[PDB]
Amino acid sequence: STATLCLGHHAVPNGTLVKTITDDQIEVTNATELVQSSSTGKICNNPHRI
Amino acid sequence: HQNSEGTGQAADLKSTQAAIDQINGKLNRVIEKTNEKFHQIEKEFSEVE
Ligand SMILES: *[C@@H]1O[C@H](CO)[C@@H](O[C@@H]2O[C@H](CO)[C@@H](O[C@@H]3O[C@H](CO)[C@@H](O)[C@H](O)[C@@H]3O)[C@H](O)[C@H]2NC(C)=O)[C@H](O)[C@H]1NC(C)=O
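So, here is what we can say about the structure in this document. (Residues numbered from 1 in each chain as written, not as in the entry; some residues may be left out. Chains lettered and ligands numbered in written order. Part of a larger assembly, values for the part shown. Heavy atoms only, no water.)

A closer look at the overall build of chain A
- Along the backbone of chain A there are zero helices and two strands.
- The C-alpha atoms of chain A give a radius of gyration of 22 Å, which is well past the 10 Å a tight globule of 50 residues would have.
- Residues classed as buried in chain A amount to 0% of the 50 residues present. (Helix = DSSP H or I, 4+ residues; strand = E, 2+ residues; numbered from the N terminus. Rg over C-alpha atoms; globule rule 2.2 N^0.38 Å. Buried < 20%, exposed > 50% of the residue type's maximum accessible area, 1.4 Å probe, protein only.)

Printed below as a string of structure tokens:
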């Protein structure tokens, strides 16, 4: 004679931590690196004529 | 509470704690606790160059 409706969001197996103002460390469902650390080690002749 | 038995007060440590935790750690995060520097540039002179 009654029904229950609920709302919610998704989740992932193992999330990633991020640095935020309020919390010193917290996990999210997705992240991304904003600092290029890797390098091919070779100079690409193009476009700039080398 | 203002029940028939009278009045009374009690602080909820749970809620209070959450606030404190967020507050404390933030400062150090935003600003780096420290950074070293040694020989730099003369930031003063006595004559014109
Ligand atoms: C995290 O969630 C995001 C969004 O749901 C997903 O990552 C995103 O993945 C797409 C496709 O792999 C990337 O877009 C691509 O952009 C390039 C731009 O040159 C384009 O050539 C491709 O056709 C494509 O549209 C997008 O950059 C990427 N964003 C990031 C870094 O999150 C992904 O499902 C989850 N994991 C990742 C990879 O972060």
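Description of the environment of B:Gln22
- Note that B:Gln22 resides in helix α1 (residues 13-30).
- Residue contacts for B:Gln22: discarding those within four places in its chain leaves A:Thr22 and A:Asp23. (Contact = heavy atoms within 4.5 Å.)

Focus: the interface of chain A and chain B
- Taken together, the six residues of chain A in the interface contact four residues of chain B.
- Summed over both partners, the interface of chain A with chain B comes to about 480 Å²; 50% of that surface belongs to carbon and sulfur atoms.
- Of all residues in chain A, A:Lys19, A:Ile21 and A:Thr22 bury the most surface against chain B, accounting for 69% of the area lost on that side.
- Where chain A touches chain B, the interface holds zero salt bridges.
- The residue makeup of the side of chain A that touches chain B, split by class, is one nonpolar, two polar and three charged. (Buried area = accessible area lost by both parts, 1.4 Å probe. Salt bridge = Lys/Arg side-chain N within 4 Å of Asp/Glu carboxyl O. Nonpolar A, V, L, I, M, F, W, Y, C, P; charged D, E, K, R; others polar.)

Structural notes on the site of the ligand
All names here are of chain A.
- Close to the ligand lie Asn30, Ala31 and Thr32.
- Interatomic distance of 2.4 Å between a side-chain N/O atom of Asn30 and an oxygen atom of the ligand.
- Separating an oxygen atom of the ligand from a backbone N or O atom of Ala31 is a distance of 3.5 Å.
- Here the ligand, which alone exposes 720 Å², has 12% of that area covered by the protein. (Near = heavy atom within 4 Å. Polar contact = N/O pair within 3.5 Å; in protein donor to acceptor, adjacent residues only side chain to side chain. Areas by Shrake-Rupley, 256 points an atom, 1.4 Å probe, with all protein chains shown as cover.)

Remarks on the side chain of B:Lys26
- As for its placement among the helices and strands, B:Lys26 is situated in helix α1.
- No salt bridge is formed by the buried B:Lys26; the nearest opposite charge belongs to A:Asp24, separated by 6.6 Å.
- In contact with B:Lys26, not counting residues within four places along its chain, are A:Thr20, A:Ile21, A:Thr22 and A:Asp24. (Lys, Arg positive; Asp, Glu negative; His and termini not counted.)

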